[PDB]
Amino acid sequence: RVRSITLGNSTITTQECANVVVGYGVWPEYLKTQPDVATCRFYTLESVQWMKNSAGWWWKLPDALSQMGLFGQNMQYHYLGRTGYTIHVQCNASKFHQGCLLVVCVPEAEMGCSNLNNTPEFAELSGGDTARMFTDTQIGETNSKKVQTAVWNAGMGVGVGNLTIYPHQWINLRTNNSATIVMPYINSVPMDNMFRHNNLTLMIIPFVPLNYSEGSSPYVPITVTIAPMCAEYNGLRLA
Amino acid sequence: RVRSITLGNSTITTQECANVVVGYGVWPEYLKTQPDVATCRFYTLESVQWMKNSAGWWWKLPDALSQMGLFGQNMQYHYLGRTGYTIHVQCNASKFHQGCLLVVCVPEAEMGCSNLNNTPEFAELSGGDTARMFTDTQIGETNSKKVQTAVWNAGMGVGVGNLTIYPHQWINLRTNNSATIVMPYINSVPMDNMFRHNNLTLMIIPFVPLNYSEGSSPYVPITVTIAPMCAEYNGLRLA
Amino acid sequence: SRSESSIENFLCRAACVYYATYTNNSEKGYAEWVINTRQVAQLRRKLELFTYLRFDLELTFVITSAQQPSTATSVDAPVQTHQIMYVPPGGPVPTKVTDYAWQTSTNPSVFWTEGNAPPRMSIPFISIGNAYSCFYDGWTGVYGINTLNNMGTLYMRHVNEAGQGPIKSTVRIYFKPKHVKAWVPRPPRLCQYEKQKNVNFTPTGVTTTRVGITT
Amino acid sequence: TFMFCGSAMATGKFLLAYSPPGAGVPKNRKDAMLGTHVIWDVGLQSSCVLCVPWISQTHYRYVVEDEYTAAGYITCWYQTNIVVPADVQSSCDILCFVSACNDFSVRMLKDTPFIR
């Protein structure tokens, strides 16, 4: 069965019996100053092409929606804000395609730099709506301000197989093709500046590479849909 | 006594016992599709300088607020809309100044052209936030697309002394210095395009010229404050 | 007895708005009039006391004919029948006496023969808007047109074929608003009307003048 | 709190605008009016009181000293000129007063930087 979900002036369709992973057992809620409900809509980013040699993709959350409608408008307008997210990841593949994906949302995914003495620049840390790709090779140290994008360390100097500690969902093409992660607001402060701090990082890493026989489509599109939940910002009026 | 009125993030002060003229006995109301309440704020236009030789000023309503915040934003965004207005006119004069003003809001104030064969251009019919001034002389016919701005005809080929049929308030400097006109939505259609049709025209005409003795301020500022009331536009979503 | 100053008693009066002639031997012998209230200055001024108006239309046609010179030894023309076609806004319009538009079933027409009571037809409020506008401060671009005031066109022609002598007919159209409703009073027109299409005016004095403020 | 200290016969209008942190200072009367503002008529009132809002990075307490951080500004503009009768001075003066309005609090006592 197919379930159609409409948010604002946007609507998407999902398999009725799809499993949703709630981040830490906590749904997005309001801070127990000024909320916005016109932002409550689905933002379908550009689809990426999962290939045989694909190493992975990642998107920093606040930044990914920085050039999308009122949410971006609110980001430049207000100085402070806080919000949760609902992330939909969908793959369009046939039964003749095989592969396994890890879809994980990492809070405060601070990333290292190829040069041990420096830190990565903003452009390399995030591409906004554009996706950032991991690399199956090791970035050379000569490089001065790029992210060490070796997949098996996930750019954080940890075991990539241990990323399951963070809220995650597996996409096994033979079994399922969609993932839904509900991420609450997680921070050490009640509100924060959205332009200088990326609270969340969504990662999609192929643990089992995509495989197919000659004649089948040589790619599998992956579509990411993000809907901000319970967004609210600081007031701008007097007392 | 002074009464302070706050609308949105703007606040103005008025004499508590000021008399308000309701346009036609009807307060602005909603159409018995999409309303906007962030527009519900005071828009204080640039003050004009009432002088001895001043003939008058006028502002076309929708156009005057076309470059003001969300109201202008809504004007370019939505194709159709409707709204009422509350107009505050205030003069800053001393007891040593004398003069009388007519403050009148004319619905569908269609204006003639100096050349009898043509029609006035948009620039001459309205200056947006800038005020358009009447002239105590007669505009020559050689002129091709200017408004016939002779005051005694009010640019409409009528007796200027008969403008009191339209909702109006007199400002006699020796008695009062402020005027408040509440104008409902008046049109032959429930909603209209705000960029191609000026529903209302506010006019300020000095019937008794400003006079003062040497030493007094040679001008009297006139401040116009307009607050859209019960504004609503067309929907933009599916059914 | 303030009954005679009501809107209905003020505007519900029949008036000759248009007058035209058409002969029966020209191919162009047909009279046309776009229905508009700006044709007659007296009626225009009375309607322009208000901004928005809503009314029905009652039209009465006074048609008379006159014999034109001929060379026939004897002329014995039978009684003449006239066709008055009302073309609703957007309907087909004729360009000749022999044209398909004269036979359009959706263009209501009156066939009337001379000697009887004059023909009469009534048109209701046919605007997509909620009222007619005598003033429009905006663009449709042409300033102050408001195409929502289209009321249709009237056409008139001889039905009989031409005989042994030409016949010239003249039609007088009588216009009467019925069940009138008016809104938003306006100051009476002071300057003389200059154009039928616009409100253009030449500046004139506020009133007549005397010698001094103490007469 | 702003107090107008001109003559009782002077009249005029002032636009007092508050810019929240992050937003830049207004450059014109129009830009000031489009933001949070109050129109102050000295002919009607001699004093105007504004209570600027807290608005901080959900920090509850924020540092007394600061470093190139969003500050927030308060500015005043001539809505109209000062209208004055004959034999009255047009040049006047305004006094500004400050005080804590809402639930003010401090933390972590230190040494004042004003002593040597």
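All of the numbers you see were taken from the coordinates with simple rules; none came from a lab. Positions of Cβ are generated from backbone atoms using ideal geometry, with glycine treated the same way; all protein chains shown enter the neighbour counts.
In the calculated pair distance distribution of the protein assembly as shown, what percentage of Cα-Cα distances lie above 41 Å?
Every Cα pair in the protein assembly as shown considered, those over 41 Å come to 56 percent.
Amide H to amide H, which residues 5 or more places from C:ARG189 or on other chains are under 5 Å from it, using H placed in the peptide plane?
Answer set, sorted by chain and number: none.
Quick one: with label points 7 Å out along Cα→Cβ, list the inter-copy distances for B:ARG1 in nm, shortest first?
6.3
Per residue, how much space in cubic angstrom lies within the convex hull of the C-alpha atoms of the range D:1-66?
In the range D:1-66, the Cα convex hull volume per residue is 123 Å³.
If we hang a label 7 Å off Cα along the beta carbon direction at B:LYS145, how far is it from the matching labels on the other copies, in nm, shortest first?
Those separations, rounded to one decimal, come out as 5.2 nm.
From the Cα gyration tensor of the range B:34-127, with a ≥ b ≥ c the square roots of its eigenvalues, which class applies: rounded if a/c is under 1.5, or else prolate if a/b is larger than b/c, or else oblate?
oblate
Could you please state, rounded to a whole Å, how far the C-alpha centre of the range B:177-223 is from the C-alpha centre of the range A:171-205?
55 Å
Tell me the Kirkwood hydrodynamic radius of chain B in angstroms, computed as one over the mean inverse distance between distinct C-alpha pairs.
This gives a value of 18.8 Å.
Put a label point 7 Å from Cα along the Cβ direction on A:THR223, then list its distances to the equivalent points in the other copies in nm, shortest first.
Relative to the other copies, A:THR223 has label-point distances of 5.5 nm.
Output wanted: per-residue J couplings in Hz (rounded whole) for the range A:138-154, from phi through Karplus 6.51 cos²θ - 1.76 cosθ + 1.60, θ = phi - 60°, x for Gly and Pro.
Listing the rounded values in order: 9, 5, x, 6, 3, 3, 9, 9, 9, 6, 6, 9, 4, 5, 5, 9, 6 Hz.
Which value, in Å to one decimal place, does the Kirkwood hydrodynamic radius take for chain C when every pair of different Cα atoms is included?
In chain C this quantity evaluates to 20.0 Å.
Can you classify the range A:104-239 as rounded, prolate or oblate using the Cα gyration tensor, where a ≥ b ≥ c are the square roots of its eigenvalues, rounded means a/c under 1.5, and otherwise it's prolate if a/b beats b/c and oblate if not?
oblate
May I ask you to sort A:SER47, A:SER4, D:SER46, C:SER1 by Cβ crowding, counting other Cβ atoms within 10 Å and putting the fewest first?
Ordered by Cβ neighbours within 10 Å, fewest first: C:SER1, A:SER4, D:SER46, A:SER47.
Residues with amide H under 5 Å of D:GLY72's amide H, sequence separation 5 or more or different chain, H placed in the peptide plane at 1.01 Å from N; which?
D:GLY22
Determine the shielding of peptide B:151-164 by partner chains: average, over its residues, the number of Cβ atoms on other chains within 10 angstrom of each Cβ.
Whole-number average of other-chain Cβ neighbours for B:151-164 is 5.
Can you give the FRET efficiency to the nearest 0.05 for B:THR33 and C:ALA72, using r as the Cβ-Cβ distance and R₀ = 60 Å?
The pair B:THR33/C:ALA72 has a calculated efficiency of 0.25.
Could you work out how far the C-alpha centroid of the range A:42-115 sits from that of the range B:59-111, in angstrom?
47 Å
I need A:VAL220, A:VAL20 ordered by Cβ neighbour count within 10 Å, fewest first.
So the ranking, lowest neighbour count to highest, is A:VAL20, A:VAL220.
DSSP loop (so not H, G, I, E, B), at most 11 other Cβ within 10 Å: list which GluC sites (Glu not before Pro) in the range C:1-73 pass both filters.
Counting only loop positions with at most 11 other Cβ atoms within 10 Å, the GluC sites (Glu not before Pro) in the range C:1-73 are C:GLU27.
Evaluate the Kirkwood expression for the hydrodynamic radius of the range C:65-179, namely the inverse of the mean inverse distance over all pairs of different C-alpha atoms, and round to one decimal in Å.
Final number for the Kirkwood radius of the range C:65-179 is 17.2 Å.
About the Cα centre of chain B, how large is the charge dipole given +1 on each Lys and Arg Cβ and -1 on each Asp and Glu Cβ? Please answer in debye to the nearest 20.
The calculation lands at about 400 debye.
Give me C:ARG189, D:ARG116 ranked fewest to most by other Cβ atoms within 10 Å of their Cβ, as a rough exposure proxy.
If I rank by nearby Cβ atoms, fewest first, I get D:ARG116, C:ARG189.
Given A:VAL22, A:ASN117, A:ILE5, which one lies farthest toward the positive end of the charge dipole of the protein assembly as shown, if we put +1 on the Cβ of every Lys and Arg and -1 on the Cβ of every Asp and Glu?
Of A:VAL22, A:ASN117, A:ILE5, it is A:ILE5.
Charges at C-beta only: +1 for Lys and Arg, -1 for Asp and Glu. How large is the resulting dipole of the range A:3-104 about its Cα centre, in Debye rounded to 20?
160 debye
Using alpha-carbon positions, what is the distance between the centroids of the range C:148-197 and the range D:13-44, in Å?
With the range C:148-197 and the range D:13-44 each reduced to a Cα centre, they are spaced 58 Å.
In whole Hz and in residue order, list the ³J(HN,Hα) couplings for the range B:210-223 that follow from phi through the Karplus curve 6.51 cos²θ - 1.76 cosθ + 1.60, θ = phi - 60°; x for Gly and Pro.
Running phi through 6.51 cos²θ - 1.76 cosθ + 1.60 with θ = phi - 60° gives 5, 9, 6, 8, 4, x, 6, 4, x, 8, 9, x, 10, 10 Hz.
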